[PDB]
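In what follows, a single structure is set out as structure tokens and then discussed.
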Amino acid sequence: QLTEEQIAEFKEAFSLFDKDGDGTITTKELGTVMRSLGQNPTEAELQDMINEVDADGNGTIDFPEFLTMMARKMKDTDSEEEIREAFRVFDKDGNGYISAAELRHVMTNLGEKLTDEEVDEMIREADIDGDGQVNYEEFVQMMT
Amino acid sequence: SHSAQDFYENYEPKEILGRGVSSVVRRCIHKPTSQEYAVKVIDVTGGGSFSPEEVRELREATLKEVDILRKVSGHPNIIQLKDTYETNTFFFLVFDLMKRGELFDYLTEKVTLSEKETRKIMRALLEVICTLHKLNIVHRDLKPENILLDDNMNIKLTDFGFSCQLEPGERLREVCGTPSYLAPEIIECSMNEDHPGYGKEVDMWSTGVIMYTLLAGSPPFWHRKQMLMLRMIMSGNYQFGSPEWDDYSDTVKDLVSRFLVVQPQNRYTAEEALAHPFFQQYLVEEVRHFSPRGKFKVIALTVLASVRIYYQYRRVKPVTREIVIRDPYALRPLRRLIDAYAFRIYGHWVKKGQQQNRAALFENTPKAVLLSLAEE
Amino acid sequence: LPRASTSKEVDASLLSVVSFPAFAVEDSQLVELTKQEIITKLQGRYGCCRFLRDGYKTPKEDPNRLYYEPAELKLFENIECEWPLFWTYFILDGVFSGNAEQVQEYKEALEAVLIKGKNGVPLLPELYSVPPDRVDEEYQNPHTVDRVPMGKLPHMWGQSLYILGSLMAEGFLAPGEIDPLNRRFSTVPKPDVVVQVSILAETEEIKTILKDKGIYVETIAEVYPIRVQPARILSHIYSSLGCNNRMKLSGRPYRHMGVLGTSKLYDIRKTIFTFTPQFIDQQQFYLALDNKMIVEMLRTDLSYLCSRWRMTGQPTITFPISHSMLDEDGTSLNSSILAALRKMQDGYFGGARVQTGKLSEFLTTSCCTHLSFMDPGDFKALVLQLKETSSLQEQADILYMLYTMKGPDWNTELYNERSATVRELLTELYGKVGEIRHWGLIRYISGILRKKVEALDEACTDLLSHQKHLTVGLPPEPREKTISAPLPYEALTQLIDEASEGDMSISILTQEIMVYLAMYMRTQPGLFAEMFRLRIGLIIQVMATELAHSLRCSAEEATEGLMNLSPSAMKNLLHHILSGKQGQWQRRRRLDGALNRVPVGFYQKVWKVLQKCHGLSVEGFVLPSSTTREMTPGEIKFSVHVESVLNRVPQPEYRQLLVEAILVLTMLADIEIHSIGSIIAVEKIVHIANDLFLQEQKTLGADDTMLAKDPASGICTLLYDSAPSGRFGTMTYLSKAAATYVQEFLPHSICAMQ
């Protein structure tokens with residue numbers, strides 16, 4: 001079953017994906033978001049993924065499709081693969097560790113406007129052992 | 001109940017549009033405005049073969065139907081009674097002309113439907129059911145054959161011949177309708193007279209059954225023998241096919257399980273069903289505030305989705321003609337083409353009644369010596 | 001209307017019917033449809049073509065010779081020359097009713113293709129011929145190469161039509177002068193008509209019975225100025241119109257009447273006459289003995305009169321109530337008759353408004369026709385045995401034997417004072433047969449007297465007009481026939497008698513089933529889809545088999561039950577089996593193979609597959625791929641050849657499985673993009689699929705009893721019982737076998753993508 005807080009988080013995420021409020025992911029916005037992280041697949045690849053996600057050939061993504069995609073239970077192995085890729089996205093520097101500067105760079109790249117006090121506060125609240133660092137177990141347990 | 005002269009000089013019948021057990025629907029025009037309509041002519045005498053008690057009870061039934069449909073009129077998704085004419089031998093009931101047929105031919109032609117139209121039809125049906133229950137009126141006759149489709153995919157309920165008012169504190173003990181759509185409470189009324197009664201739960205069960213048959217393509221419960229079908233329904237052990245629903249979301253399946261509950265009290269209502277995340281949607285809002293943990297969770301979810309989209313795209317397999325040599329049923333396009341071709345070859349043996357049904361075409365059972373064990 | 005005939009998709013001559021001369025068309029939507037179709041299909045550059053694939057006046061064909069050899073593969077494609085006559089029809093058609101801009105456009109188009117001769121006057125060429133050298137270019141670029149005038153061109157027809165069109169356009173003459181009869185208003189709708197029906201009682205007892213239930217009628221007497229007679233005397237009267245002795249003219253030949261002619265009143269020598277409808281005649285056939293059909297034909301005939309009624313004045317129908325319309329005890333009318341009476345009371349019966357009354361009131365308002373041309377200017381032992389014996393059975397047997405042996409017209413001398421002929425005794429037996437309602441020998445005696453149903457040719461031509469092929473007789477060839485063209489009444493009767501041979505009752509049953517189809521296709525012309533050829537004999541055997549299965553009796557008992565059914569029962573069972581509504585699946589497959597209900601787009605898929613293969617061999621017989629270029633899917637010959645190739649096998653289950661396998665070949669051919677370049681054996685694919693199914697079932701662990709073998713098939717019965725679709729259906733096995741066979745004759749590479 002699902003809860004109101006997770007509904008709000010999913011809605012905020014979907015709004016973050018769509019830079020310009022239109023009600024659709026759209027190929028161009030998906031492309032720019034995907035190039036922001038540093039990936040450059042081709043145009044045909046973009047339409048192919050759009051067709052795979054959508055149930056028809058309209059070429060558009062709405063809120064119910066994203067809700068269906070995010071609510072899937074990926075078993076185990078695919079879960080470690082996905083979290084490893086996400087970590088590598090956050091672990092651009094070859095250290096295996098997440099710092100405040102790295103998270104600041106990531107959020108600036110994704111298009112978020114915050115202050116250094118905000119990143120310091122959130123990295124302090126998220127952290128447990130108090131070394132200013134998040135490990136694999138902490139990352140995997142906080143995922144939800 | 002005006003004189004037949006008014007109907008004769010006001011409406012002019014046209015070619016036949018359909019036929020029934022004892023009534024035929026014809027097209028008519030309104031002379032002042034030239035607006036098309038559909039008229040249902042009911043022969044209360046039944047061609048003179050009816051004993052007069054039968055004529056009297058048919059007249060009483062149609063009068064009850066007209067005076068119960070009078071109150072419900074007003075809802076956009078319900079049939080509109082435009083004019084009524086009564087004679088000693090015929091009843092002329094004028095409704096709106098729809099355009100095309102009801103759900104049976106559409107589902108037969110399209111084999112199976114997708115979730116996009118399913119969401120809309122389920123939402124409209126839930127709204128209609130909630131409105132009907134608010135008015136303290138029951139129907140007990142949701143079948144796919146009583147829902148008509150317009151050119152813009154609009155549905156409205158019809159055929160209220162079994163609808164009746166329910167006084168609060170009462171418990172009906174009557175049995176009617178197709179056995180495949182009969183809820184366990186009605187059948188329990190059949191065997192045992194000590195059971196108190198039933199209510200809107202049969203409506204929820206019918207909604208679940210029609211949702212199941214539109215999604216899977218076959219009724220959840222069906223067998224060549226009525227007694228074994230009734231025992232099948234009583235057991236309440238509906239199962240999910242393995243190579244059939246491997247491409248559907250978990251939320252829809254959860255809703256499937258939630259609609260079909262043996263216990264009447266645990267069955268979900270229309271209001272509870274409407275609040276499910278399956279129907280969740282957003283238009284605009286800017287009051288999203290939370291703790292920094294919320295920001296980290298949302299950014300992690302965004303990154304996870306962006307990563308997972310590419311991997312989900314990569315999970316496609318090629319045509320694998322060698323796999324086609326081994327097993328073609330695994331591939332979805334092969335299954336859909338085989339199904340559609342089988343339907344078009346054998347498309348005129350699917351009609352009304354329990355004798356012939358859509359489930360008789362599919363054979364997922366492993367035909368073998370295990371067919372010897374059927375029942376006691 | 002949409003097609004000129006059964007062989008031509010379209011002929012441009014349909015314009016004349018739907019233009020200035022002889023306006024005969026309704027539902028103008030069809031008019032615009034056919035105009036758009038002819039414009040989009042037959043329009044050219046300097047003219048239009050009569051029809052596709054005509055070789056008249058062509059640089060090929062050896063014009064010195066006639067009787068075209070069957071080699072019109074591509075020698076008459078896209079080189080149909082031209083015909084500006086249809087163009088000059090368009091200007092008149094446009095200028096007639098309300099169109100002016102199209103008139104200007106067509107005039108401008110036609111002025112460019114004109115030729116100026118002596119004295120500088122307009123001249124219309126017949127046609128423009130393609131140059132003999134620029135022929136290959138036209139095959140790739142149709143309607144691009146210029147043409148040259150060739151042939152006779154003092155064409156007075158088109159020239160006169162163009163002159164009349166120009167004169168009409170100049171405004172000197174009005175459109176109302178060319179046609180004083182006002183034929184331009186055929187598209188004006190007519191709202192409806194009101195039908196008048198009068199009810200009369202034959203005797204006083206019937207009048208009393210009707211008055212008992214509240215129906216006020218009047219007897220045959222008391223209306224002395226008005227007389228009522230059947231319609232055959234009216235036909236004998238009409239058989240004298242336009243008769244001349246000096247010029248050896250015999251007048252109008254005898255024919256049956258429709259109900260449209262008997263409705264209107266008549267005047268003969270200052271006297272009023274009314275004629276009953278022709279369907280209440282019990283002296284012709286026995287279908288009028290059933291009340292249900294009486295009601296049904298009343299309903300259809302009232303609907304028919306209410307539909308058109310293109311005459312002035314209200315109709316008038318007389319429905320006398322007969323003695324046969326009473327119940328068994330003869331003291332009350334049947335329930336159906338009383339229901340029908342109450343139904344045309346209150347002014348609504350069938351699909352029309354019916355008003356009842358008396359002939360006195362209808363006299364002042366009813367169409368009347370004044371008629372002027374009728375104005376004056378040991379066999380004795382057998383006979384004794386017949387006389388002494390009883391029972392209708394032996395009666396029929398002895399009468400038939402005497403008639404066949406020595407008594408076609410010989411007097412039996414049974415009664416010493418009156419000469420009793422065999423025919424007289426046979427026709428007297430009808431009176432006793434009709435009272436008992438025994439459908440066990442009435443057809444038997446009718447076969448002896450060889451009664452013929454009227455309007456049979458009308459039913460046959462209505463059957464043929466639906467792009468349909470008829471076939472009389474049980475299998476097999478050559479006694480089976482094929483009625484592909486309409487035939488005269490005598491020729492039709494002789495042909496059906498020859499087909500039925502000496503079984504006599506087969507002719508009557510064929511006539512009855514033909515008449516049943518005859519009134520059925522008009523009401524519901526939707527169940528005849530998925531069918532291309534009907535056989536009366538095959539339907540009869542299917543009827544007998546179905547009745548035997550229902551009653552679980554022998555074939556003889558099934559036939560006896562079938563021949564004893566009331567005609568309403570035959571109509572009901574025919575409708576049931578036409579609708580289509582182990583032991584379940586096999587029965588349905590057998591029915592389908594018997595009725596060979598091939599899918600709607602079957603021939604198109606077969607043609608597409610034949611386009612990419614050398615042929616389809618079926619047990620020796622081969623269908624060469626060269627057939628695809630000499631023929632088109634739309635025409636009939638390909639369907640005939642395909643059915644003939646598929647009909648070599650006698651077993652219906654075989655033909656159905658062959659259809660399934662060739663269709664799975666059709667679907668599987670689309671995925672791959674290659675040319676097989678080899679002939680395909682469908683039987684081998686079926687055997688491979690069967691072997692795979694048997695191997696899988698043996699692998700599962702099934703005992704040998706269920707994997708049975710048919711006595712003459714080599715195919716397991718469980719395969720027949722198996723449903724087509726599903727994860728264990730026959731479709732998967734057929735697809736696997738077809739894919740394996742395709743791989744067997746493939747250059748080690750599939751390369752399938754979709």
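We label chains A, B, ... in the order they appear in the structure tokens, count residues from 1 in each chain, and number ligands from 1 in the order shown.
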* **Interface list for chain B, partner chain C, 8 Å threshold, only C-alpha atoms, as a VMD selection string** => chain B and resid 47 to 49 89 319 321 324 to 329 338 to 339 342 344 to 345 348 to 349 361 to 369
* To do: For residue 139 in chain A, work out the shell of residues within 12 Å, counting only C-alpha atoms and skipping chain neighbours fewer than 6 positions away, then give it as a ChimeraX atom specification.
  => /A:80,83-84,86-87,90,97-98,126-128,133 /B:296-297,300
* **10 Å contact set for range 59-63 of chain C, only C-alpha atoms, chain neighbours under 2 positions out, as an NGL selection string** => :C and (55-57 or 65-66 or 68-69 or 72 or 75-76 or 79 or 129-133 or 135)
Show me, as a PDB file with C-alpha atoms, in the first residue's frame, the residues of chain A whose atoms get within 7 Å of chain B, using only C-alpha atoms for the distance check.
```pdb
ATOM      1  CA  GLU A   9       7.709  12.790  -2.902  1.00  0.00           C
ATOM      2  CA  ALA A  13      10.243  14.132  -8.325  1.00  0.00           C
ATOM      3  CA  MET A  49      12.747   3.987 -24.685  1.00  0.00           C
ATOM      4  CA  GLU A  52       8.936   0.821 -24.365  1.00  0.00           C
ATOM      5  CA  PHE A  63       1.922  10.732 -14.240  1.00  0.00           C
ATOM      6  CA  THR A  68       3.606   2.496 -12.271  1.00  0.00           C
ATOM      7  CA  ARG A  72       7.714  -1.724  -9.316  1.00  0.00           C
ATOM      8  CA  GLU A  82      20.599   0.077 -10.069  1.00  0.00           C
ATOM      9  CA  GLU A  85      24.925   2.727 -11.016  1.00  0.00           C
ATOM     10  CA  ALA A  86      23.305   5.510  -8.975  1.00  0.00           C
ATOM     11  CA  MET A 122      21.216  17.729   5.120  1.00  0.00           C
ATOM     12  CA  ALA A 126      21.582  12.062   6.901  1.00  0.00           C
ATOM     13  CA  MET A 143      16.599   4.248  -0.028  1.00  0.00           C
ATOM     14  CA  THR A 144      12.799   4.407  -0.034  1.00  0.00           C
TER      15      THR A 144
END
```
* DSSP strand (DSSP E or B) selection over range 238-357 of chain C, as number ranges by chain -> C: 243-244, 249-250, 265-267, 272-275, 317-321, 326, 333, 349, 352, 354-356
* In Å to one decimal, how far is CA of residue 104 in chain C from CA of residue 11 in chain C? -> 25.2 Å
Would you pick out the contacts of range 404-407 of chain C at 10 Å or less, using only C-alpha atoms, so that residues sharing its chain but fewer than 3 positions from it are not included, and give the list as a compact mmCIF listing (two decimals) with N, CA and C atoms, in the first residue's frame?
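Listed below is the output, result37.txt:
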```txt
# COMPACT_ATOMS: atom_id res chain seq x y z
N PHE C 379 -55.26 -55.88 -63.03
CA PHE C 379 -55.44 -54.56 -62.44
C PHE C 379 -56.78 -54.43 -61.71
N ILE C 398 -50.30 -47.62 -53.39
CA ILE C 398 -51.02 -48.24 -54.49
C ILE C 398 -51.36 -47.22 -55.57
N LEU C 399 -51.71 -45.99 -55.17
CA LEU C 399 -51.97 -44.95 -56.17
C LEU C 399 -50.71 -44.64 -56.97
N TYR C 400 -49.56 -44.53 -56.30
CA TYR C 400 -48.31 -44.28 -57.02
C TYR C 400 -47.98 -45.42 -57.96
N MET C 401 -48.14 -46.66 -57.51
CA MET C 401 -47.85 -47.81 -58.36
C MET C 401 -48.75 -47.84 -59.59
N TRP C 410 -55.49 -43.27 -67.15
CA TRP C 410 -56.47 -44.32 -67.34
C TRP C 410 -57.50 -44.32 -66.21
N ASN C 411 -58.74 -44.65 -66.56
CA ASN C 411 -59.82 -44.70 -65.59
C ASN C 411 -59.72 -45.97 -64.75
N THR C 412 -59.80 -45.81 -63.43
CA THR C 412 -59.69 -46.96 -62.54
C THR C 412 -60.95 -47.82 -62.52
N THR C 421 -60.67 -41.26 -62.49
CA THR C 421 -59.30 -41.30 -62.97
C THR C 421 -58.34 -41.29 -61.78
N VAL C 422 -57.12 -41.80 -62.00
CA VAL C 422 -56.10 -41.81 -60.96
C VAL C 422 -55.84 -40.39 -60.46
N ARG C 423 -55.79 -39.43 -61.38
CA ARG C 423 -55.58 -38.04 -60.99
C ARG C 423 -56.73 -37.53 -60.12
N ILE C 448 -45.94 -36.73 -56.71
CA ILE C 448 -46.61 -37.46 -57.78
C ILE C 448 -47.27 -36.48 -58.74
```
* Using only C-alpha atoms, which of the listed residues (B:83, B:15, B:203, B:57) sits closest to residue 137 in chain B? ->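 Ranking B:83, B:15, B:203, B:57 by distance to residue 137 in chain B, first place goes to B:203.
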* Asked: Which of range 52-295 of chain B counts as alpha helix (DSSP H) under DSSP, as number ranges by chain please?
  -> B: 52-72, 103-110, 115-134, 184-191, 201-215, 226-235, 250-259, 270-274, 292-295
Give me the residues within 9 Å of residue 111 in chain A as a PDB file with N, CA and C atoms, in the first residue's frame, counting only C-alpha atoms and dropping any in the same chain fewer than 5 places off.
```
ATOM      1  N   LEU A  16      10.239  17.735 -10.812  1.00  0.00           N
ATOM      2  CA  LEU A  16      11.653  18.025 -11.022  1.00  0.00           C
ATOM      3  C   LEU A  16      12.126  17.526 -12.384  1.00  0.00           C
ATOM      4  N   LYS A  19      11.217  20.223 -16.508  1.00  0.00           N
ATOM      5  CA  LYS A  19      11.692  21.566 -16.188  1.00  0.00           C
ATOM      6  C   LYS A  19      10.609  22.608 -16.429  1.00  0.00           C
ATOM      7  N   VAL A 106      26.280  17.823  -7.803  1.00  0.00           N
ATOM      8  CA  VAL A 106      25.213  17.020  -8.394  1.00  0.00           C
ATOM      9  C   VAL A 106      23.907  17.807  -8.440  1.00  0.00           C
TER      10      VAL A 106
END
```
* Distance query range 61-71 of chain B at most 8 Å, only C-alpha atoms, self and fewer than 4 positions along chain excluded, as JSON, numbers by chain -> {"B": [57, 81, 160, 161, 163, 164]}
For N, CA and C atoms, I'd like the residues from the last selection saved as an mmCIF file, in the first residue's frame.
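So the final result, stored in again-v3.cif, reads:
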```cif
data_model
loop_
_atom_site.group_PDB
_atom_site.id
_atom_site.type_symbol
_atom_site.label_atom_id
_atom_site.label_comp_id
_atom_site.auth_asym_id
_atom_site.auth_seq_id
_atom_site.Cartn_x
_atom_site.Cartn_y
_atom_site.Cartn_z
ATOM 1 N N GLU B 57 -48.394 -8.886 -15.306
ATOM 2 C CA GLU B 57 -47.124 -8.774 -14.596
ATOM 3 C C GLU B 57 -46.080 -8.050 -15.439
ATOM 4 N N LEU B 81 -34.670 9.093 -20.612
ATOM 5 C CA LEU B 81 -35.999 8.767 -21.118
ATOM 6 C C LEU B 81 -36.645 10.046 -21.638
ATOM 7 N N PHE B 160 -32.175 -1.552 -16.593
ATOM 8 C CA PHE B 160 -32.427 -1.575 -15.159
ATOM 9 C C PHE B 160 -33.583 -2.492 -14.782
ATOM 10 N N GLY B 161 -33.885 -3.492 -15.615
ATOM 11 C CA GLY B 161 -35.076 -4.298 -15.397
ATOM 12 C C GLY B 161 -35.088 -5.004 -14.054
ATOM 13 N N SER B 163 -33.500 -3.550 -11.288
ATOM 14 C CA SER B 163 -33.267 -2.565 -10.239
ATOM 15 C C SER B 163 -34.517 -2.380 -9.388
ATOM 16 N N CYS B 164 -34.312 -2.190 -8.085
ATOM 17 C CA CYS B 164 -35.418 -1.991 -7.159
ATOM 18 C C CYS B 164 -34.934 -1.184 -5.963
#
```
* Please identify all polymer residues within 12 Å of residue 608 in chain C, counting only C-alpha atoms, omitting same-chain residues fewer than 3 positions from it, and present them as a VMD selection string. => chain C and resid 601 to 605 611 to 613 615 625 628 to 629 632 to 633 662 to 663 665 to 667 669 to 670
* Asked: Could you state the separation of CA of residue 65 in chain A and CA of residue 152 in chain B in Å, given to one decimal place?
  ->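 One can read the CA of residue 65 in chain A to CA of residue 152 in chain B distance as 22.9 Å.
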* Would you work out the distance separating CA of residue 109 in chain C from CA of residue 33 in chain C, expressed in Å to one decimal? =>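 Those two atoms sit 22.6 Å apart.
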